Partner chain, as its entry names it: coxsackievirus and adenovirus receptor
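Just one chain follows, in the form deposited without its partner chain, and it is written as structure tokens.
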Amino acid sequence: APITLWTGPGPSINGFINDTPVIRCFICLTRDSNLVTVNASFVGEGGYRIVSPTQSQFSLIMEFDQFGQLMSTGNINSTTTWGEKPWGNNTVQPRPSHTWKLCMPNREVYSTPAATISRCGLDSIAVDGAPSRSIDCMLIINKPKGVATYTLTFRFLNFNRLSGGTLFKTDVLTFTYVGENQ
């Protein structure tokens, strides 16, 4: 069967940069028959409300154990809401099932780290998609971190593409990878 893991809608400030909560992350991992679709969006708060062209690139890493459970140690972690989305409602069901492994990046296919770098428009409606208002966001798959069995990294890059200070309100971002076997 399919399975979706997600933050739920209306996330708290659940993305930490060096132990400070600064980004609201909506993250959805939907496993259909074989592939997992990552659907995500991010909103900066406080000192990340607006990002400058000189902003250092940074990763938001999700660490998962061998059962596909989110660990407490990443930048997006089990201290904030995360769990299964039941078909038919918008709840987060936090009690893990064996099925959660199906949302993880297949260890054999991604036995070394893989990546997808894509455009990440910022404040796109308000700036009417101006070319110099996009950065990049690179998904890194299974780059090692601590004792995590699986990792998903959202790495925001190339802020120097920006013509000036820009609201850190990302587009909806999509990535795809091969799901793990049960």
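Positions refer to the first chain, counted from 1.
What comes next is about the form solved in complex with its partner chain, which is not displayed.
At the 4.5 Å threshold, heavy atoms of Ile13 reach its partner chain in the deposited complex. Within 4.5 Å of any heavy atom of its partner chain in the deposited complex lies no heavy atom of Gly165. Taking the partner from the other structure, its partner chain in the deposited complex has a heavy atom within 4.5 Å of a heavy atom of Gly46. Among heavy atoms of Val92, some come within 4.5 Å of its partner chain in the deposited complex. For the three marked residues, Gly74, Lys145 and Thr153, no heavy atom of any sits within 4.5 Å of its partner chain in the deposited complex.
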